[PDB]
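Enquirer: My structure is below; once you've seen it, I'll send some questions.
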Ligand SMILES: Nc1ncnc2c1ncn2[C@@H]1O[C@H](COP(=O)(O)OP(=O)(O)OP(=O)(O)O)[C@@H](O)[C@H]1O
Ligand SMILES: Nc1ncnc2c1ncn2[C@@H]1O[C@H](COP(=O)(O)OP(=O)(O)O)[C@@H](O)[C@H]1O
């Protein structure tokens, strides 16, 4: 399921998106109000992020890390 | 599975062509401890008592597709 | 060299020539296996339960023949090969070397082979399955056996064949236990095996090391059982080893065996049940235990003569058969019910339990004092053993019960104090060191100690030990004649007197 | 020590048996030549005769 | 124990001599069995030439 | 008996273990239990009935050994779905589960035969009577009344002495006869068995009764069958004698086999992996018990309590179906008490004060009160020790350890276990005990003395020395 | 695993995540331990034991990632499983689970390649001598002895500076002996690891020993798999007739991984949801350690202590 | 490949086949059918659809009308069964079915399988054996019997 399942009915043919999990990446849109699926929840009509970004993720090599003495407030 | 007759399959072999006979009384295929898979009495009334050999009548609650049994 | 002769012989066996059969036979193609168990084709009609030859000469365990195909369970390597092969099958299920000729030798449990000598002689195949001997034909057996543990023997007498419970406890010396007691039987008069479930190399090894250390390891034999060993070998094995005793037992001779850690067999056999896919019970358990147990437990006997005449096929003309053996019972966390151990306990004729404190307290003996007992009892206790030895069995509880006193102020005087001291000291006395064989003579000395108490109050604890060592020693010099007595069954009033004079006689000692 | 000597008899004898078994293998390879040599359809015809 | 041991190793070695030596006798026997076993036809000519 | 000629066969359909999967003619039809023969290579074997499966293939059951069987095998059948010879000649020699004479004596027995199925009396049919029995039982005979015909319940798993406490059952049972009765045992141990046989010989009582005895390691199919052996066994007698008495074994095993086979039937277990009809089976078995106007019967019964889980639905059907019963305390046992029964536990429906008069009902009530109390403070002590003991309380407590300690007495036959003998007991003497204890009449009385002790006179002799 | 040319295809039958249904030729398939790889976009992928199933299709799995699936799919079947190129050069050099020189790659040339699946029993094989390990530990060793090739349990914990103990072991191995051993962390907070690498520099002794580390960032198939690796690797050095001892990680992590596998197996778990055979695995593990006749394998382990039940 | 499921279906077959005596004819029907089943582009389509009628009709439709009424009502059974997908297996069964009555075949000894119709085991068999005279062909036999005797042999070597 995605979205308002209840409406729909079967034998609907099929609609395929090669992409998966892609949501606009970028620092452009900061501070805006966002729904889950989309930024759109903002009263702001558009939003600027550099481009769609995907959910699957790979953590970096433990080897490469910064020890961090940044205190936190 | 439920089909299982094979001999009535012989029957049904061509008799899949023709049936159209609703008994009040169908044969009771096989039983366990008073409850029996059975077929017949084509008309159904849910929770109908059903007379037996000897005075006894029985009943089944579950509407069971294509066959049903009771104790 | 010398073996060139052997080559010749092998050429003679090799002269057995050849023939052929079963161009199709049963065969069929084993469809797909997980871990020994295969969708399997062919060979429809076999005698139920047959063993089925396989690559590397493996029989197969197939319990289930569907209306259509069947499936089986391998022993040995699981991953050996790819599926669908044609089927090889043994004539007889449950076929294992028979005769007692070979002895005291390291075999695979399942297989014959182990270090260092695989070569051995077998009178024929044997099968573990058996039917109960005629209850009608049974010999109530007075053959006492001999603990070689000082007071332990006292605690319970040993006739041949009693269901013999030991408890067992982790790290307890349980793996140790007394299993050494075979040395107590230097002259065995019956053969024993022992069984070690999934046992540790180093363990088996050390046992090995010690094995002749005590002396003749050949005298009896036992079978190899390791952690890697598969519930084929593993769940199946103790069961497997059973039919062996049918040598002497079926020769009509008593024979003994120890096995324990059977719990292993349970989840072993349960992993089996996961295969069965059947719902287990508590602790993954089926009731196979009983069957298993019944299968297992039902073995030991002593039997009627004419019974043996049958069993002998009249050959031994009715020589009363017996069978002996020993079990033991793991304690995970010393819980009474322990489900299955409840079940077994139910089966058991007798009970041994251990006391965590004692060896925990370091006490050389730890056995649980009256927490456990042999329901069979002292029927074989020497009329000296029998006669003189009673009080402890009850009185021990007393001191323990008296131990219950929780150390109030001076009270009851000797009723309290005397009893308790006498008890405690008596315990110190009772303590037997590891690796110390007891003497029948010692029993005398033992029973003598207080027949009365000729020494009872004489000395203090340290003095008890010291003086005691003194005691045992002074006697050898003192008397040879006891040998006869030692040879003898004892409990002669006259003997009692000679013992009485000899008895105060040690006053000369210190 | 005596026991050990026995063991040595056992193990040495065993190696002999191994040399014997490997020996058996090589013998079998030569037997592959014994098939390579003196092989006749006639012999097969004898097998046929075993019918 | 060591003392017994050394001689033991020796018995092993001389045994090894009698072993390589007996390899002759073995080659013999194996051939023989190859004939008997062939149970077919006797041709002794071919030389397997095996150690 | 009569041929039993031909009948052809089912062929063995499928090998499921002991479960019989095989297929016979369309016309070939059984009862839910019916008579089928088949020769193994060795011998004729039989697989009891199937419930109902099709294709001339139904399931079936066996007391025999499944292995070494070839598939598709033809299978014979006997007319009489079940036939159980009913003799009175039986009391001489025991028999197989087949009834094959278990003694070495061959026995013609008798032609009259029986079958498993049996049925209960009408509402009005049985007789109800208050006649009761009293004996050397220190308490329970005292602690509880025992009406004639009553079925005594045994509580517990074994190890409780359930065979040895059961052995007490032998004793008192053995103690008093004054009639004809028979009991047997099955799925049970031989040393006991052969012993009861040798001692039975020595006793030479066997004329009065014989009993086939089942063995522990026995195959299940038999084990299942054994009940029918019971019922039919009675049937002759109940007809024959108006009166009977018996005892019952390992009914835990009864449950055990039964459940064991349930899913084997392809059924889902009742809870705790019980068998789904298990209760139905129970109402069957207990239902098998009866005593009639025409004749009544007594017996006492034992099933291994699995593990002292009282919630055991097995134990439920126990109390549920329970008629008489007894209980044992592995603390009391653990207390080293030889008798070791859960006294606080056990109870007699029959006990009536009116029946018992007041003195019984009353006094018993009182002791019960004490128990309540010692139980009651038992906590407070354990917490606090006794240091704070209220005088009165403290006193009672004395009476308490004393009273527990007091119950115990020797038994004549008991000298086996402990060389010490004992004696039969007299109720009135007990009644006295009720007072003097109630009195605490002997104020100086020794505590140690009271245990496993004789009468206030005897304990007075002890008291002299002890 | 294969001496590899061809090795074919199959198709990808049914796929839920790691569940690999796929089918090979009708004729034959390699062992469950035996394994096969398929280049999926960027890379080849090899899935673990198929277990037994039909149509050349059977059930398999991999630690790697499953995205970008394709119904028809083709895997070149590797044959002689698990062959792996260890070399003595490894000490002080780190690789991935694949032997992939995970860290800043030491480039790590290796002449040894062997399946870790190698059994390591032999009857009567190891020496009968029963030597103790001599630690020179003033209390640990003195207060208590140590046996050569012996298994060792761990109690202690955070704030123990166990690494201090370890370093002690480092000076102890070299200092005590030529024999040198390595252990590897798996399923663990990374920072500890890298810090321990730095701590190796500080230690500076790191050369003698090296390991891939699990760090718990990873998929289980990898994880559970790791054991056999170290098995084979030390099996170089004890196989070298060298003798040694390695530390070991949280077992409950390991066995538990067993269950996650069994659910994965779809198989009925053991009780309390253990791996229904998990004992068997322990058979692998504990069974593994031995002081050979010619080598000694000791070790210590700290398992996740679960509530101290 | 339940295929055991065949019987009640498969069984009524021979009987109908017996009763209908079609087995020449019915045999035809089966040939035809397995053919139809084989159709793979069809096969994709074959599990496509829910409505059983639709398939009875369409299947029966392109079929080329080899069908029988007993096989129509009955085919309707298999579809009503819905199990029909796997049907061709029965032919194999049917083979044995047909075979069952009076038939025989042969296993190659070491070469190739005569499949001779010889109903006397080891006799009609023997008749074929003697009947060689087919004694000519090698067809791997020698490697097989020499290697198999050799196999018993090395087997004894192991035994040695
Ligand atoms: N009371 C004792 N006196 C002398 N030695 C003891 C005593 N209790 C235990 N031991 C010793 O324990 C050592 C090994 O005991 P063991 O290995 O059997 O513990 P364990 O029994 O293996 O663990 P488990 O008890 O679970 O089997 C033996 O040397 C044995 O002598
Ligand atoms: N009154 C009693 N005093 C002492 N022991 C008893 C008494 N009643 C039973 N027992 C003990 O019960 C023990 C177990 O024997 P058994 O009856 O088989 O127990 P169970 O049947 O409960 O397994 C016996 O050793 C016996 O000493």
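Numbering starts at 1 and runs along the chain as it is shown here.
For all residues, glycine too, the Cβ spot is worked out from N, Cα and C.
From Swiss-Prot, here are the annotated features:
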type    : residues                                               : note
BINDING : G:156, G:157, G:158, G:159, G:160, G:161, G:162, G:163 : ATP binding site
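Quick paste from the PDB entry:
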type   : residues : note
SEQADV : G:1-6    : expression tag
Enquirer: Quick one: of G:158, G:160, which of the binding-site residues has the smallest count of other CB atoms within 10 A?
Expert: G:158
Enquirer: If the ATP site is taken as the center of the Cβ atoms of G:156, G:157, G:158, G:159, G:160, G:161, G:162, G:163, which further residues of that chain fall within 8 Å of it by their Cβ?
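Expert: Those within range, site residues removed, are G:164, G:165.
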Enquirer: Which one of the binding-site residues (G:159, G:161, G:162) has its C-beta surrounded by the most other C-beta atoms within 10 angstroms?
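Expert: Result for the most crowded candidate: G:162.
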Enquirer: List every residue in the same chain as residue G:156 (ATP binding site), at least 6 positions away in sequence, whose Cβ is under 8 Å from its Cβ.
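Expert: Within the chain, residue G:156 (ATP binding site) has Cβ neighbours under 8 Å at G:162, G:165, G:302.
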Enquirer: Counting by DSSP secondary structure, give me helix, strand and coil numbers for the expression tag (G:1-6).
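Expert: Residue counts for the expression tag (G:1-6) by secondary structure: 0 helix, 0 strand, 6 coil.
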Enquirer: Counting other Cβ atoms within 10 Å of each Cβ, which of the binding-site residues G:157, G:163 scores lowest?
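Expert: Checked G:157, G:163; of these binding-site residues, fewest Cβ neighbours within 10 Å: G:157.
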Enquirer: Chain D proximity: which binding-site residues among G:156, G:157, G:158, G:161, G:162, G:163 have CB distances under 8 Å? Answer 'none' if there are none.
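Expert: Filtering G:156, G:157, G:158, G:161, G:162, G:163 for a Cβ under 8 Å from chain D leaves none.
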Enquirer: With H, G and I counted as helix, E and B as strand and the rest as coil, say where DSSP puts residue G:163 (ATP binding site).
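Expert: For residue G:163 (ATP binding site) - judged by DSSP and reduced to three states - the answer is helix.
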